[PDB]
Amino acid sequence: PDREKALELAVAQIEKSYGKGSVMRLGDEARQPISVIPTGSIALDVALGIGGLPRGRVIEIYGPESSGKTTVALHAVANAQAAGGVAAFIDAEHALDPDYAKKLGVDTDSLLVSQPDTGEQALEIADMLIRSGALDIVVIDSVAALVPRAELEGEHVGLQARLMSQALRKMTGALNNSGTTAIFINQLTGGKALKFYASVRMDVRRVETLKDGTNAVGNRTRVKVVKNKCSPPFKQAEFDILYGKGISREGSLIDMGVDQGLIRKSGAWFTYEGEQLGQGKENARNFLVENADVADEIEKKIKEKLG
């Protein structure tokens, strides 16, 4: 009785003293922003609570090599562009495949790219772009590769950590004011600092390879939102990344649809409102890409049932 009031107080003073999202019950409904960058999987967008990535914030996406972490970020880039935004890609891996990026939906032509010489240059260039106020998103690929100038020049170990800590302090304020999202891709360095400056942290893994008739048409991907200052954390989603196509938006609509009851199962058949989507997931997936209207209708309904 008198308990709940004092707790309401404690929480309010906490949010007041350290920002909204400094504490929350895991069963809470997220505080929903107006603009947000969708990820490409509605399932992941739901996992993130707020229907996508937050603006003006630091995001980390980490995983092993061949996990999908980069793919996820490229969709972030693509959706940001699709809403008339401007994207940058600070690159210290030299790994990007623009053809893949296009098929996925990236306007590579408009994509700003820098291939910096040093870790500090990478972050400084990134900061200059952020401070312009013209960017909707900037991706840093990747943390591990951000070698410090002293180490590249020959010359004080644990410097990477000092570099990042310094840079992220300055970068955090710039992002908040610009409304620009910074995504830092990270391999399994200066990830110690990024762990705490980041508003969202996503652990990305590939779990099993999707079997075609006889060959492999991509693989099933699992993402755990390990840190989330924007909505109850620890949520996780799965979705399909398809060889040379990207994240199966339609596949994820089907998954979240059945999970949400909007799509029932007449055995193998997937049914929507008494109409049949397809026999087995591959047909149901196909049907929804052939029919944008029904896919959009489902995506519309899933969101309505949630936020």
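For the two forms, the rigid core is made up of the largest set of C-alpha atoms that agree within 1.5 Å on superposition. Residue numbers here begin at 1 and follow the sequence given.
Q: Superpose on the core, then say which of 54 to 62 and 29 to 37 ends up with the larger RMS Cα offset from this form in 8 other deposited structures of this protein.
A: Relative to the shown form, the greater RMS C-alpha distance in 8 other deposited structures of this protein belongs to 29 to 37.
Q: Going by root mean square C-alpha distance after a core fit, say whether 78 to 86 or 156 to 164 is farther from the shown form in 8 other deposited structures of this protein.
A: It is 156 to 164 whose C-alphas lie farther from the shown form in 8 other deposited structures of this protein.
Q: With residue 188 and residue 189 adjacent in the shown sequence, let me know how many deposited residues between them lack coordinates: none, 1 to 3, 4 to 9, or 10 or more.
A: 10 or more residues are missing.
Q: With respect to the deposited sequence, is there a break between residue 155 and residue 156 in this entry, and if so is it 1 to 3, 4 to 9, or 10 or more residues, or none at all?
A: In the record, 4 to 9 residues between residue 155 and residue 156 lack coordinates.
Q: With reference to the PDB entry, specify whether the mean Cα temperature factor is higher for 265 to 273 or for 234 to 242.
A: Per the deposited B-factors, the answer is 265 to 273.
Q: Per the entry, where is the mean C-alpha temperature factor higher: 190 to 198 or 91 to 99?
A: According to the PDB entry, the answer is 190 to 198.
Q: Which one of 107, 124, 212, 141 shows the biggest C-alpha B-factor in the PDB entry?
A: In the PDB entry, the greatest C-alpha B-factor among 107, 124, 212, 141 is found at 212.
Q: Choose from 179, 116, 85, 218 the residue with the greatest Cα B-factor as stated in the PDB record.
A: Answer for 179, 116, 85, 218: 218, with the highest C-alpha B-factor.
Q: Please say which third, lowest, middle or highest, residue 288 falls into when its CA temperature factor is compared across its chain.
A: Highest third of the chain for residue 288's C-alpha B-factor.
Q: Per the entry's values, where does residue 48 land by CA temperature factor relative to the rest of its chain, in the lowest, middle or highest third?
A: Bottom third by C-alpha B-factor.
Q: Determine, from the deposited record, the chain-internal third of the Cα B-factor for residue 63: lowest, middle or highest.
A: According to the entry, residue 63 has a C-alpha B-factor in the chain's lowest third.
Q: Would you please rank residue 280 by its C-alpha temperature factor against the other modelled residues of its chain and give the third it falls in: lowest, middle or highest?
A: Within its chain, residue 280 is a highest-third residue by C-alpha B-factor, going by the deposited values.
Q: Using the B-factor values recorded in the entry, state whether the Cα atom of residue 151 falls in the lowest, middle or highest third among the modelled residues of its chain.
A: Within its chain, residue 151 is a highest-third residue by C-alpha B-factor, going by the deposited values.
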